[PDB]
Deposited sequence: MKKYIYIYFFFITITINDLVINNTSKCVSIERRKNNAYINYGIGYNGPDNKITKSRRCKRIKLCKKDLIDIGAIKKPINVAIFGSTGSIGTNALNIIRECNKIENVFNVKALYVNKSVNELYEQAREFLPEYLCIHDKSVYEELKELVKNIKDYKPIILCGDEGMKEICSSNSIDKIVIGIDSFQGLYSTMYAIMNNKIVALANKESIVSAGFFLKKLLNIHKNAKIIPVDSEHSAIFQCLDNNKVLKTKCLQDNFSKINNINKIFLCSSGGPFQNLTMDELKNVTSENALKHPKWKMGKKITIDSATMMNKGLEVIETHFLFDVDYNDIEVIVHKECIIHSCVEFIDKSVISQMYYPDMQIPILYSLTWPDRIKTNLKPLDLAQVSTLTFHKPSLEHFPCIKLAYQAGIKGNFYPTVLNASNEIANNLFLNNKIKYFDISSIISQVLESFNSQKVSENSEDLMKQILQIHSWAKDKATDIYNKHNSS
């Protein structure tokens, strides 16, 4: 009866939101069993979570804090968890027959590995990590074609919104990242809403001067926070939309909705538009990924539309946010251009965060790597396709670093 769940990246923003909504849902009845928690190196924060949730499995990626973890956990009386580490641990958890659903709240391209293995074990993958889908979308489509009972359920807020707007009567006849998804669901077009980030109203001259301090000083991972500022986040989410829902790029329209109430909208083939709305929130997206196709009761504050009072919508300027344009170009070009987009952005984002480059150098570096990349024949087998993705990802990161290094 309980839904058996793993939380990967349990100590981050998504992971902590997941555990928060699970805690509330488990007050009276045993709705969810937290069977596994996995982190990189936050061994103290993992210990505190273990003390509360007492999962069968704990896993740390960083083997150097494995002893610390083991030492900490022996303070918890009558608790005998399976304590694992690294990729071997991740795969052991994905293989467990005692796990139904896995929340992927690991950041960056790194989230791909556990997403892949979750799929290969026919799990429900509640995927917040968008870099996986951007970098490896065609590959995930192939994996999901092989592993017939695996499913990706979107957690990224706009993609959860879109998914919620659909008729589950049709959703149930397909699954995300499957050819024909949009046909089966009668999808015509997507309005992909955006906060527009901190720099949305700056002039060109002002935007030239922005720094990461400006962008940093809502609340979440720092990487996604810089991506929100450049609107590369929205760029990635465009490609995420394409893959998840089989919607053509010309039918994805970015809309800046600064009140962040309408989370995104779906236009059907009759031109009726359905939208999902709430306060800016990740608890509903996370919970829904784990209850779909059902909903369960929460005690979240109800939307007070009268108090919100006013909702606004405008088109983003591609001159001010050229990262959006680069993401459409990469997506439309297909092949491995999204891999290269994602990888070069990982580097450009980090350079800007650490005050090494300017705002417009972000899009400049990305554009330059994209222009440099030569299309490659797509490997027909899964294993070769994955190695190909890894090689191109690494290449693109090194290329971006080399561009940075050469022009300074």
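Checklist entry - What ranges of the deposited sequence, counted from 1, have no C-alpha atoms in this structure? => result No C-alpha coordinates exist for 1-75, 293-295, 487-488.
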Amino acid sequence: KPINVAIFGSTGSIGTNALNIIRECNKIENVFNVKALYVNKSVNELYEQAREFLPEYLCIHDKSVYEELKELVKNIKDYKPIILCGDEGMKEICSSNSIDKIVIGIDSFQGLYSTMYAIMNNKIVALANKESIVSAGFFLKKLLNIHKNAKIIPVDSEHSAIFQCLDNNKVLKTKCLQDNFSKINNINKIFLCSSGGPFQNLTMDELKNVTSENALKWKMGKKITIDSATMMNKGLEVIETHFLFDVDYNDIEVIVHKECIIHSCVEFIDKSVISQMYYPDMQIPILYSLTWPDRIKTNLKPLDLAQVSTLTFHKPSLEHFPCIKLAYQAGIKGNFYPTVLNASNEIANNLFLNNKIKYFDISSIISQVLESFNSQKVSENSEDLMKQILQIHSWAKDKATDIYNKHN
From here on, numbers count along this sequence of modelled residues.
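Note that the rigid core is defined as the largest set of C-alphas that superpose within 1.5 Å between two forms.
Checklist entry - So if we fit everything on the core, which stretch drifts more in 8 other deposited structures of this protein, 129-137 or 222-230, C-alphas only? => result Stretch with the higher C-alpha RMS distance in 8 other deposited structures of this protein: 222-230.
Item to check | Between 397-405 and 4-12, the one whose CA atoms sit farther away in 8 other deposited structures of this protein (rigid core aligned) | outcome: After the core superposition, the stretch with higher RMS deviation in 8 other deposited structures of this protein is 397-405.
Checklist entry - Averaging C-alpha B-factors over each stretch, which comes out higher, 92-100 or 320-328? => result On average, C-alpha B-factors are higher across 92-100.
Checklist entry - On average, which has the higher Cα B-factor in the deposited entry, 228-236 or 69-77? => result Taking the mean B-factor of the alpha carbons in each, 69-77 is higher.
Next on the checklist: Given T339, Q376, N349, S367, identify the residue with the highest C-alpha B factor in the PDB entry.
Outcome noted: Reading the PDB entry, the winner on C-alpha B-factor is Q376.
Checklist entry - Highest CA temperature factor in the entry: which of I106, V256, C165, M220? => result Of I106, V256, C165, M220, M220 has the highest C-alpha B-factor.
Next on the checklist: Where does the C-alpha B-factor of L287 rank in its chain, lowest, middle or highest third?
Outcome noted: For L287, the deposited C-alpha B-factor lands in the lowest third.
Checklist entry - Among the modelled residues of its chain, does the C-alpha B-factor of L54 lie in the lowest, middle or highest third? => result Answer is highest: the recorded C-alpha B-factor places it there.
Checklist entry - Sorting the chain's CA B-factors, does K189 end up in the lowest, middle or highest third? => result Lowest third, going by the recorded CA B-factors of the chain.
Checklist entry - In terms of the CA temperature factor given in the entry, to which third of its chain does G137 belong: lowest, middle or highest? => result Middle third of the chain for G137's C-alpha B-factor.
Checklist entry - Can you tell me which third, lowest, middle or highest, the CA B-factor of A343 falls into for its chain? => result Its C-alpha B-factor belongs to the lowest third of this chain's values.
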